[PDB]
């Protein structure tokens, strides 16, 4: 049905003129119109604009020639609103393109819309979007995850085939898990953060959602690589991932962290994960218990580091150069303090307060500096475990997709969604969430954490898993 087709199916059709870019966009546009009222994946749909851009698109040999792509609304797309799902940035028109958007555009991709998120990418459910909640296409009483809720969701309903999100502490993987889709956050430094509205600079990474491992491997290859506009982007050559996913490496090893046994899992998740591992064992993977003596400290560490960097990075939203400004004020001080109280959502305001505390002199040593040290302890656990094993596996999430309002009561209950996801951001490691089962009607994600720069292996295992378990065929909303 066209929107039902993968990028391989679409590429062959586009290369031989059997279809045009415009038709592709039209197809997904329809599926968008079918789904959007229920799902609410987008803040700013740009199918209209992509239609027009498609007419002038002609060179077919471009790696992403006719491909529609949704983009999270904390990644700048020039000339269109980048809201970060915030009141403080509604009506902010992006004056420049994120480096990844430049690279996709150059590769023929067609940006089809700006995707909903937790405000400033802080949250695990998308409920903190200042505008409206995005809903899980497999059960609209359920959350799609966060913060990249809309990017996961739209890939799930196939209102777009492939999608960009960002991952500070699980913001691609978790949503991938919840929406029954593939989602990867590459090694810290693999993809530029130029044009990515910064949350936690030392933790943020753009990543990719898709339904087929090749789709994800190609979009990632396109957007990855050194950027001169980003000091933290690595000068490391990008592997030819599209040619590499399909290969098979013999005698790989999987680590099951002993410390993860102590983690409260829903029985359905536990069952699905055990089966994922048994089935991988059958295919010849060696399965080993590993130790990460410090992982349990990941959450506390993250919820000191992330808020801290966030209070710093959000200092700039001030009513002076752009965005929202309060209407009533007697002073510059009031202008500042009113603009911000009114423009920022509650979770954001919470991490700002916590952050400016953790950086305050007198508390910096016991808070942020301490956390950055424990962070090295946690990274070192991984480097040592990677001496014995090739990837580390766990569930992506301790639970099945939860209900709206369920984790808004105590802010902390929201944080606990991240317990299996944050360790990879702390260690700067790549990590993928792939769908491993459907339990009580709901997707379950399996997570693989790889060594620095080893997205190849993560992707390879993802390709092998999909051949056994064809999750790309499970399409929600008919």
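Numbering follows the first chain given and starts at 1.
The PDB entry reports B-factors from which the mean C-alpha value can be compared for 301 to 309 and 206 to 214; the larger average falls on 206 to 214.
The stretch with the higher mean CA B factor, choosing between 120 to 128 and 261 to 269, is 261 to 269. Within the listed group 366, 249, 179, 84, the record reports its top CA B-factor for 249.
Of the candidates 350, 321, 72, 235, the PDB record gives 235 the highest C-alpha temperature factor. Looking at the C-alpha B-factors along this chain, the one for residue 328 belongs to the highest third. Per the PDB record, residue ranking by Cα B-factor puts residue 147 in the lowest third of the chain. Remark: residue 245 belongs to the highest third of its chain, ranked by C-alpha B-factor as recorded.
The deposited CA B-factor of residue 167 belongs to the lowest third of values across its chain.
When the modelled residues of the chain are ordered by C-alpha B-factor, residue 428 sits in the lowest third.
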